[PDB]
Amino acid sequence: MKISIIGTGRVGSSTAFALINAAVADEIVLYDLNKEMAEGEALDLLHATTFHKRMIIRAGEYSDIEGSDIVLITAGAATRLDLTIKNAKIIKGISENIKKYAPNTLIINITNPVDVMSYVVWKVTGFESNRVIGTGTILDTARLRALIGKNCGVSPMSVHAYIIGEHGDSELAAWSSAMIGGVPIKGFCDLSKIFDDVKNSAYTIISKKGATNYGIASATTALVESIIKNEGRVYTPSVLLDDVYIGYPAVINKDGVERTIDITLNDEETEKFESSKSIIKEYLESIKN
């Protein structure tokens, strides 16, 4: 099991640390524009493997990602349109190299805006869409389930609620079909306040410590684990749906997206989702050139 990580900054290094702690890969290759920083991270992370699984951890060039089972893209530049433009250029260059050196790999994109950049990866690489996913709303869906579980006295495993759409303050909860232990959620255990807290927490973290990285590192490691272990767990990654990438329920196994799950939405949820899609489609048009 070989995993390469493109962009060894705060998110890339934290995710490598979590993958080491999960003991699921044999080799991690770290790539960065800053060659010294990647070499320093690789050596520090190698030291951490001492307490877990024997692994190869090394900095490399793009040729060193050849044969990777999975490639994580965690690169990014130091207005929202300004960020999308800057990162689209970065992701295009990364994607041309993955296509060249790892034509058969599976790509998970984290770079923001995650849904837009995931589509860029898919288009530039030419891969099948099932082999290109973004982390979408995976973290927020998991957090919403944990908080509902806590508030209603039940394991999050029994809380079946999805957050879908464009990752960020315009994502939406699919309340109408949410359930706990197979009964409607409203008839089991206000819930809107919890979703609001989840949706906005990322802005608060960035506001206070400058960036966010431990949450996404853990969500990404969970997703990677279901690929490596061929679990078929249902996530809400960024996935191809109707000519855009958007957060949406999907079964993930060793081949990537096995299928999407077409959940039912009421009128208001349908409207928010189509509005989420429209916003994504316009950012894509902007970076078309």
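A residue's number is simply how far along the shown sequence it sits, counting from 1.
- The modelled chain breaks after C189 and resumes at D190, leaving 10 or more residues of the deposited sequence without coordinates.
- According to the PDB record, 200-208 carries the higher mean C-alpha B-factor of the two stretches 214-222 and 200-208.
- Comparing the deposited coordinates for 53-61 and 260-268, the stretch with the larger average C-alpha B-factor is 260-268.
- Taking the PDB entry at face value, the top CA B factor among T141, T84, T105, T74 belongs to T84.
- Across the residues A42, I252, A48, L241, the deposited record lists the maximum Cα B factor for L241.
- In the deposited entry, the Cα temperature factor of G153 sits in the top third of values across the chain's modelled residues.
- Ranked within its chain, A22 lands in the middle third, by CA B factor from the PDB record.
- Remark: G165 belongs to the middle third of its chain, ranked by C-alpha B-factor as recorded.
- Among the modelled residues of the chain, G136 sits in the lowest third by CA temperature factor in this PDB entry.
- In the PDB entry, a CA B factor belonging to the lowest third of its chain's modelled residues is recorded for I98.
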